[PDB]
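Next comes data.csv, a file with CSV, C-alpha atoms and all ligand atoms.
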```
chain,number,residue,atom,x,y,z
Q,1,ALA,CA,9.7,13.6,13.6
Q,2,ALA,CA,10.4,10.4,15.5
Q,3,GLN,CA,8.0,7.8,16.5
Q,4,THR,CA,9.7,5.5,19.1
Q,5,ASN,CA,8.7,1.8,19.3
Q,6,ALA,CA,7.2,1.9,15.9
Q,7,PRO,CA,5.9,-1.2,14.1
Q,8,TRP,CA,9.0,-2.8,12.5
Q,9,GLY,CA,7.8,-2.0,9.0
Q,10,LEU,CA,7.7,1.7,9.6
Q,11,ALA,CA,11.1,1.7,11.3
Q,12,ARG,CA,12.5,-0.2,8.3
Q,13,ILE,CA,11.1,2.2,5.6
Q,14,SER,CA,13.0,5.0,7.3
Q,15,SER,CA,16.2,3.0,7.9
Q,16,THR,CA,19.4,2.1,5.9
Q,17,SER,CA,19.5,-1.1,7.9
Q,18,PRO,CA,17.3,-3.6,9.7
Q,19,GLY,CA,16.9,-4.2,13.4
Q,20,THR,CA,15.8,-0.7,14.6
Q,21,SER,CA,12.5,0.3,16.1
Q,22,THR,CA,12.1,4.1,15.7
Q,23,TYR,CA,10.2,5.6,12.7
Q,24,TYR,CA,11.7,8.9,11.3
Q,25,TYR,CA,9.7,11.1,8.9
Q,26,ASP,CA,9.1,14.7,7.8
Q,27,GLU,CA,6.3,16.2,10.0
Q,28,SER,CA,4.4,17.2,6.8
Q,29,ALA,CA,3.4,13.5,7.1
Q,30,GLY,CA,1.5,13.3,3.7
Q,31,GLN,CA,-0.7,16.3,4.6
Q,32,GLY,CA,-2.7,17.5,1.6
Q,33,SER,CA,-2.5,14.1,-0.2
Q,34,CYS,CA,-5.2,11.4,-0.6
Q,35,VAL,CA,-5.1,7.7,-0.5
Q,36,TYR,CA,-7.8,5.3,-1.8
Q,37,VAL,CA,-7.8,1.8,-0.3
Q,38,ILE,CA,-9.7,-0.5,-2.6
Q,39,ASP,CA,-10.5,-3.6,-0.6
Q,40,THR,CA,-13.1,-4.7,2.0
Q,41,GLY,CA,-13.7,-1.2,3.1
Q,42,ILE,CA,-12.6,0.8,6.1
Q,43,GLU,CA,-13.8,1.1,9.7
Q,44,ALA,CA,-13.7,5.0,9.5
Q,45,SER,CA,-14.7,5.4,13.2
Q,46,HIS,CA,-11.5,3.7,14.4
Q,47,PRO,CA,-9.8,6.2,16.8
Q,48,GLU,CA,-6.5,5.7,14.9
Q,49,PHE,CA,-7.8,7.4,11.8
Q,50,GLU,CA,-8.7,10.5,13.8
Q,51,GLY,CA,-11.5,11.7,11.4
Q,52,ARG,CA,-9.2,11.5,8.3
Q,53,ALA,CA,-11.0,8.3,7.0
Q,54,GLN,CA,-14.1,8.1,5.0
Q,55,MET,CA,-16.0,5.4,2.9
Q,56,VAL,CA,-16.8,6.8,-0.5
Q,57,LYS,CA,-18.0,3.7,-2.4
Q,58,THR,CA,-19.3,0.2,-2.0
Q,59,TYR,CA,-20.8,-2.4,-4.4
Q,60,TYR,CA,-22.5,-4.4,-1.6
Q,61,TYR,CA,-25.3,-4.0,0.9
Q,62,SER,CA,-23.1,-2.2,3.3
Q,63,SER,CA,-20.0,0.0,3.1
Q,64,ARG,CA,-18.7,-1.2,6.5
Q,65,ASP,CA,-15.7,-3.4,6.7
Q,66,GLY,CA,-17.0,-6.8,7.9
Q,67,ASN,CA,-13.7,-8.4,7.3
Q,68,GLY,CA,-10.9,-6.2,8.7
Q,69,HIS,CA,-8.5,-6.6,5.9
Q,70,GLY,CA,-9.1,-3.2,4.4
Q,71,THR,CA,-9.1,-1.5,7.7
Q,72,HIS,CA,-5.6,-3.0,8.3
Q,73,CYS,CA,-4.3,-1.8,5.0
Q,74,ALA,CA,-5.8,1.7,5.7
Q,75,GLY,CA,-4.0,1.8,9.0
Q,76,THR,CA,-0.7,1.0,7.4
Q,77,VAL,CA,-1.2,3.8,4.9
Q,78,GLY,CA,-2.3,6.5,7.3
Q,79,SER,CA,-3.3,5.6,10.9
Q,80,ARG,CA,-1.6,7.8,13.7
Q,81,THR,CA,0.3,4.8,15.2
Q,82,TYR,CA,0.7,2.3,12.4
Q,83,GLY,CA,0.7,4.4,9.3
Q,84,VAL,CA,3.4,5.7,7.0
Q,85,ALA,CA,1.5,9.0,6.1
Q,86,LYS,CA,0.1,10.0,9.4
Q,87,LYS,CA,-1.7,13.1,8.0
Q,88,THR,CA,-3.1,11.9,4.6
Q,89,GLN,CA,-6.8,11.6,3.8
Q,90,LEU,CA,-8.1,8.0,3.4
Q,91,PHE,CA,-10.9,7.0,1.0
Q,92,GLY,CA,-12.3,3.5,1.2
Q,93,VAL,CA,-13.7,1.7,-1.9
Q,94,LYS,CA,-15.3,-1.6,-1.1
Q,95,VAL,CA,-14.9,-3.9,-4.1
Q,96,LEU,CA,-14.4,-7.1,-1.9
Q,97,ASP,CA,-17.1,-8.6,0.2
Q,98,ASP,CA,-16.7,-9.5,3.9
Q,99,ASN,CA,-15.1,-12.8,2.8
Q,100,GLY,CA,-12.5,-10.8,1.0
Q,101,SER,CA,-13.9,-11.8,-2.4
Q,102,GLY,CA,-15.0,-9.8,-5.4
Q,103,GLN,CA,-15.8,-10.5,-9.0
Q,104,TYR,CA,-13.4,-9.0,-11.7
Q,105,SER,CA,-16.2,-6.8,-13.0
Q,106,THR,CA,-16.7,-5.1,-9.6
Q,107,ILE,CA,-12.9,-4.6,-9.1
Q,108,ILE,CA,-12.7,-2.9,-12.5
Q,109,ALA,CA,-15.7,-0.7,-11.8
Q,110,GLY,CA,-13.9,0.2,-8.5
Q,111,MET,CA,-10.7,1.4,-10.3
Q,112,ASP,CA,-12.7,3.6,-12.7
Q,113,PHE,CA,-14.6,5.0,-9.8
Q,114,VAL,CA,-11.4,6.4,-8.2
Q,115,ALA,CA,-10.2,7.7,-11.6
Q,116,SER,CA,-13.3,9.9,-11.7
Q,117,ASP,CA,-13.8,10.3,-8.0
Q,118,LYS,CA,-10.5,12.0,-7.4
Q,119,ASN,CA,-11.9,14.9,-9.2
Q,120,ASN,CA,-14.4,15.3,-6.3
Q,121,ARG,CA,-11.8,15.3,-3.6
Q,122,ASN,CA,-9.4,17.8,-2.3
Q,123,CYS,CA,-5.9,16.6,-2.8
Q,124,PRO,CA,-3.5,19.4,-3.8
Q,125,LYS,CA,-0.4,17.3,-3.1
Q,126,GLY,CA,-1.5,14.3,-5.2
Q,127,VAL,CA,-3.5,11.0,-5.2
Q,128,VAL,CA,-2.5,7.4,-4.4
Q,129,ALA,CA,-4.4,4.1,-4.6
Q,130,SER,CA,-3.4,1.0,-2.7
Q,131,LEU,CA,-4.8,-2.2,-4.4
Q,132,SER,CA,-4.1,-5.2,-2.2
Q,133,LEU,CA,-6.0,-7.7,-4.3
Q,134,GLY,CA,-5.1,-10.3,-6.8
Q,135,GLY,CA,-6.4,-13.0,-9.1
Q,136,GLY,CA,-5.3,-14.8,-12.3
Q,137,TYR,CA,-4.0,-12.9,-15.3
Q,138,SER,CA,-6.7,-10.7,-16.9
Q,139,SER,CA,-6.0,-8.1,-19.5
Q,140,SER,CA,-9.3,-6.3,-18.5
Q,141,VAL,CA,-8.1,-6.0,-14.9
Q,142,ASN,CA,-4.6,-4.9,-16.0
Q,143,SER,CA,-6.1,-2.4,-18.3
Q,144,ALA,CA,-8.2,-0.9,-15.6
Q,145,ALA,CA,-5.2,-0.5,-13.5
Q,146,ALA,CA,-3.4,1.2,-16.4
Q,147,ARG,CA,-6.2,3.8,-16.8
Q,148,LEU,CA,-6.3,4.5,-13.1
Q,149,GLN,CA,-2.5,5.2,-13.3
Q,150,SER,CA,-2.8,7.3,-16.5
Q,151,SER,CA,-5.5,9.5,-15.0
Q,152,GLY,CA,-2.9,10.7,-12.5
Q,153,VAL,CA,-3.2,8.4,-9.5
Q,154,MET,CA,-0.1,6.7,-8.2
Q,155,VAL,CA,-1.2,3.0,-8.3
Q,156,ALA,CA,0.4,0.4,-6.0
Q,157,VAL,CA,-0.7,-3.3,-6.2
Q,158,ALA,CA,0.2,-6.4,-4.2
Q,159,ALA,CA,2.5,-8.8,-6.1
Q,160,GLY,CA,0.5,-11.8,-4.8
Q,161,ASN,CA,1.1,-14.5,-2.2
Q,162,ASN,CA,1.6,-17.6,-4.3
Q,163,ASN,CA,5.4,-17.7,-4.1
Q,164,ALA,CA,5.3,-17.7,-7.9
Q,165,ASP,CA,6.0,-15.4,-10.9
Q,166,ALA,CA,3.7,-12.4,-10.7
Q,167,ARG,CA,3.4,-12.3,-14.6
Q,168,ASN,CA,0.5,-14.7,-14.1
Q,169,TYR,CA,-1.4,-12.4,-11.9
Q,170,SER,CA,-3.6,-9.2,-12.3
Q,171,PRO,CA,-3.2,-6.4,-11.7
Q,172,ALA,CA,0.3,-7.5,-10.5
Q,173,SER,CA,1.5,-8.0,-14.1
Q,174,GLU,CA,0.4,-4.6,-15.4
Q,175,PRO,CA,3.7,-2.8,-16.4
Q,176,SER,CA,2.6,0.8,-15.7
Q,177,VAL,CA,1.5,0.4,-12.0
Q,178,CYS,CA,3.8,-0.2,-9.0
Q,179,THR,CA,3.9,-3.9,-8.2
Q,180,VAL,CA,5.0,-4.6,-4.6
Q,181,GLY,CA,6.7,-7.7,-3.1
Q,182,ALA,CA,6.8,-8.6,0.6
Q,183,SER,CA,9.9,-8.7,2.8
Q,184,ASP,CA,10.4,-9.8,6.5
Q,185,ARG,CA,12.1,-8.1,9.4
Q,186,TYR,CA,15.5,-9.9,8.8
Q,187,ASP,CA,15.5,-8.5,5.2
Q,188,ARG,CA,14.5,-11.8,3.5
Q,189,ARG,CA,11.8,-12.1,0.9
Q,190,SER,CA,8.6,-13.2,2.5
Q,191,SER,CA,8.2,-17.0,1.9
Q,192,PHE,CA,4.7,-16.4,0.3
Q,193,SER,CA,5.8,-13.4,-1.8
Q,194,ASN,CA,5.6,-13.5,-5.6
Q,195,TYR,CA,8.6,-12.4,-7.5
Q,196,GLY,CA,9.5,-11.7,-11.2
Q,197,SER,CA,10.6,-9.1,-13.7
Q,198,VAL,CA,7.2,-7.5,-13.2
Q,199,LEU,CA,7.9,-6.5,-9.6
Q,200,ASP,CA,9.1,-2.9,-9.0
Q,201,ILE,CA,9.9,-2.8,-5.3
Q,202,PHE,CA,9.6,-4.6,-1.9
Q,203,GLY,CA,8.0,-3.4,1.3
Q,204,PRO,CA,7.5,-4.9,4.8
Q,205,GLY,CA,4.9,-7.7,4.5
Q,206,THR,CA,5.6,-10.1,7.3
Q,207,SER,CA,4.1,-9.7,10.8
Q,208,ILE,CA,2.7,-6.3,10.2
Q,209,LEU,CA,0.8,-4.7,13.1
Q,210,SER,CA,-2.1,-2.3,12.2
Q,211,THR,CA,-5.7,-1.5,12.8
Q,212,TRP,CA,-8.5,-3.9,12.7
Q,213,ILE,CA,-12.3,-3.9,12.9
Q,214,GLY,CA,-14.1,-3.5,16.3
Q,215,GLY,CA,-11.7,-0.8,17.1
Q,216,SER,CA,-8.7,-3.1,17.6
Q,217,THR,CA,-5.3,-4.1,16.2
Q,218,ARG,CA,-3.6,-7.2,14.9
Q,219,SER,CA,-0.5,-8.5,13.2
Q,220,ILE,CA,-1.0,-10.2,9.8
Q,221,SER,CA,1.2,-10.9,6.7
Q,222,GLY,CA,0.9,-10.6,2.9
Q,223,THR,CA,2.0,-8.6,-0.2
Q,224,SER,CA,-1.2,-6.8,0.8
Q,225,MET,CA,0.5,-5.5,3.9
Q,226,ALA,CA,3.6,-4.4,1.9
Q,227,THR,CA,1.5,-2.5,-0.7
Q,228,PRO,CA,0.2,0.1,1.8
Q,229,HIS,CA,3.7,0.9,2.9
Q,230,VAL,CA,4.6,1.9,-0.6
Q,231,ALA,CA,1.2,3.6,-1.1
Q,232,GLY,CA,1.8,5.6,2.1
Q,233,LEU,CA,5.4,6.4,1.1
Q,234,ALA,CA,4.3,7.8,-2.2
Q,235,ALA,CA,1.6,10.1,-0.6
Q,236,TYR,CA,4.3,11.2,1.9
Q,237,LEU,CA,6.8,12.0,-0.9
Q,238,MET,CA,4.3,13.8,-3.0
Q,239,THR,CA,3.4,16.2,-0.2
Q,240,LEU,CA,7.2,16.8,0.2
Q,241,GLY,CA,7.2,17.9,-3.5
Q,242,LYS,CA,9.8,15.3,-4.3
Q,243,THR,CA,7.7,13.4,-7.0
Q,244,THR,CA,4.3,13.1,-8.7
Q,245,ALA,CA,1.7,10.3,-9.3
Q,246,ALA,CA,3.3,9.6,-12.7
Q,247,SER,CA,6.9,9.1,-11.5
Q,248,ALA,CA,6.5,8.1,-7.9
Q,249,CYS,CA,7.1,4.4,-8.4
Q,250,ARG,CA,10.2,5.2,-10.4
Q,251,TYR,CA,11.4,7.7,-7.8
Q,252,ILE,CA,10.8,5.1,-5.0
Q,253,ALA,CA,12.8,2.5,-6.9
Q,254,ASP,CA,15.6,5.0,-7.6
Q,255,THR,CA,15.9,5.9,-3.9
Q,256,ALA,CA,15.4,2.4,-2.4
Q,257,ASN,CA,17.9,0.4,-0.3
Q,258,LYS,CA,19.5,-1.7,-3.0
Q,259,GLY,CA,21.0,-5.2,-2.9
Q,260,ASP,CA,19.9,-5.6,0.8
Q,261,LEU,CA,17.3,-8.5,0.6
Q,262,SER,CA,18.0,-12.2,0.7
Q,263,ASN,CA,16.1,-14.9,-1.2
Q,264,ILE,CA,15.5,-12.7,-4.2
Q,265,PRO,CA,15.4,-14.9,-7.3
Q,266,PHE,CA,17.7,-14.2,-10.2
Q,267,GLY,CA,16.0,-11.4,-12.3
Q,268,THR,CA,13.7,-9.9,-9.7
Q,269,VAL,CA,14.6,-6.4,-8.3
Q,270,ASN,CA,16.5,-6.2,-5.0
Q,271,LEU,CA,15.0,-2.9,-3.9
Q,272,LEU,CA,13.5,-2.0,-0.5
Q,273,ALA,CA,11.3,1.0,-0.1
Q,274,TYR,CA,13.1,3.8,1.8
Q,275,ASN,CA,12.1,7.4,2.7
Q,276,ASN,CA,15.7,8.9,2.7
Q,277,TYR,CA,14.7,11.0,5.6
Q,278,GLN,CA,17.7,12.9,7.1
Q,279,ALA,CA,16.3,13.5,10.6
L,301,CA,CA,4.1,-3.3,-12.7
```
Spit out the file's structure as C-alpha cells when you get a sec.
Ligand SMILES: [Ca+2]
Amino acid sequence: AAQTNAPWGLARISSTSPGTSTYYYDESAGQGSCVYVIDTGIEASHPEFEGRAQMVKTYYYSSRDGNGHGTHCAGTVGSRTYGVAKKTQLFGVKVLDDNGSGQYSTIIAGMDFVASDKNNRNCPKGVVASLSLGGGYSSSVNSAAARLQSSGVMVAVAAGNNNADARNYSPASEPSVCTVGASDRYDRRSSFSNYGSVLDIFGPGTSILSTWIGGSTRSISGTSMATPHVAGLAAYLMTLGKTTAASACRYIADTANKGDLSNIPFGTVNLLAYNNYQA
C-alpha cells in the first residue's frame, strides 16, 4: 500500500533516505494486533480511529482525554491518516491527568493493569504498549516496565526530552524495554532528545502531525511522538509474523537504517526505525 503526502515521520519509517513524502506498508497494516497507549487517555470518538479505539482504564474522575497528548500518540500508532499501524486495535489507559501529570504509583498500577488486561483482549498477532511518559530514575517504575515486558507485551518508552543521559530517567533507563530517541526530518537528533547507552532506537519526533482532542489535528514534538512510531511499527511487524513481543525491539534495531543520523553523541546508537517494506 502507498499513502501519498503522508506525515513526514511515516514516510521516513518506510524509507532508506530522508526527504520523501509517501508512506509504504504491507496492507495487513497491523490487523489482529493491539496497542495500549498509557498517557492522558484517548478521544475514541475521533473519526480518524474509525471505531478501533477504546478507553479501558482511568485513575481519575473521567476517562476522556482533556489534554490531547494521549490522543496524539494514539493517532501516530494507529489512526487512518497519521498512524503507522492503520488497522491495529487501540486501548487507552489514563495514568496522567489533563495537565499531563501522574504520580509514580498510578503509573505503576497502569503498567500492571495492561499486563493482566491483555488477557481480556483479542490480539492474536501480539500486544504492544506505548509509554510516552518520564520522570527521574525510580527502580519501582523501571521494575514495573520490566514486568509489563516479561508478561509478553512489546514495551516502548520515550527516552525523555531533557537533552541529557537517559540513564537518569524512568522507565527510560530500564534495560529490558525499548527506549526511543527523537530525530528530525533532516535526520538530526532532535535538540531536546535524551541520549545514552540505554537508548535502543530513534524515531521521528520533531514536528509530528497527528490527531488531537475536539476532533482535530496538530503538529507537536517530543520523544513522546517518536515512541508511538516504534510502538506502531512493532504491532505492524508482529502481524506480518516477522517478530514477537519479546524480540521486537531487537528485530527493529537489527533492521534499522544505521549510521544515518547526525548529532548522535559518542556511545549512543545510530539506528533509525525502518519497516523494510519492499513495495
Ligand atoms: Ca532500554
Dump as a Markdown table the rows for residues of segment 178-233 of chain Q within 12 Å of segment 131-151 of chain Q: closest atom pair and distance in Å with one decimal, only C-alpha atoms counted, ordered by chain and rising residue number.
```
| residue | atom | partner | partner_atom | distance |
| --- | --- | --- | --- | --- |
| Q:178 | CA | Q:149 | CA | 9.3 |
| Q:179 | CA | Q:131 | CA | 9.6 |
| Q:180 | CA | Q:132 | CA | 9.4 |
| Q:181 | CA | Q:132 | CA | 11.1 |
| Q:182 | CA | Q:132 | CA | 11.8 |
| Q:194 | CA | Q:134 | CA | 11.2 |
| Q:205 | CA | Q:132 | CA | 11.5 |
| Q:221 | CA | Q:132 | CA | 11.8 |
| Q:222 | CA | Q:132 | CA | 9.0 |
| Q:223 | CA | Q:132 | CA | 7.3 |
| Q:224 | CA | Q:132 | CA | 4.5 |
| Q:225 | CA | Q:132 | CA | 7.6 |
| Q:226 | CA | Q:132 | CA | 8.8 |
| Q:227 | CA | Q:132 | CA | 6.4 |
| Q:228 | CA | Q:132 | CA | 7.9 |
| Q:229 | CA | Q:132 | CA | 11.1 |
| Q:230 | CA | Q:131 | CA | 10.9 |
| Q:231 | CA | Q:131 | CA | 9.0 |
```
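Using only C-alpha atoms and all ligand atoms, the shortest contact distance between ligand CA 301 (chain L) and any of Q:254, Q:260, Q:200, Q:187 is found at Q:200.
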Once you count all atoms listed in the file, what closest atom pair and distance in Å to one decimal does each residue of chain Q within 7 Å of ligand CA 301 (chain L) have, with rows by chain and rising residue number, as a Markdown table?
```
| residue | atom | partner | partner_atom | distance |
| --- | --- | --- | --- | --- |
| Q:172 | CA | L:CA301 | CA | 6.1 |
| Q:173 | CA | L:CA301 | CA | 5.6 |
| Q:174 | CA | L:CA301 | CA | 4.8 |
| Q:175 | CA | L:CA301 | CA | 3.8 |
| Q:176 | CA | L:CA301 | CA | 5.3 |
| Q:177 | CA | L:CA301 | CA | 4.6 |
| Q:178 | CA | L:CA301 | CA | 4.8 |
| Q:179 | CA | L:CA301 | CA | 4.5 |
| Q:198 | CA | L:CA301 | CA | 5.2 |
| Q:199 | CA | L:CA301 | CA | 5.9 |
| Q:200 | CA | L:CA301 | CA | 6.2 |
```
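The space between atom CA of residue 103 of chain Q and atom CA of residue 55 of chain Q spans 19.9 Å.
The spacing separating atom CA of residue 220 of chain Q from atom CA of residue 161 of chain Q amounts to 12.9 Å.
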Who sits within 8 Å of residue 54 of chain Q, all atoms listed in the file, same chain under 5 positions skipped, as a PyMOL selection string: chain Q and resi 42+44+90-92
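The shell of residues at most 6 Å from segment 70-72 of chain Q, with only C-alpha atoms counted and near chain neighbours (fewer than 2 positions) removed, consists of residues 39, 40, 41, 42, 43, 68, 74, 75, 210, 211 and 212 of chain Q.
If you look at atom CA of residue 218 of chain Q and atom CA of residue 270 of chain Q, they are 28.3 Å away from each other.
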Neighbour residues at most 12 Å from (-26.2, -5.5, -1.6) (all atoms listed in the file) as a PyMOL selection string: chain Q and resi 58-64+94-98
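Counting only C-alpha atoms, the residue from Q:213, Q:73, Q:246, Q:234 that sits nearest to residue 152 of chain Q is Q:246.
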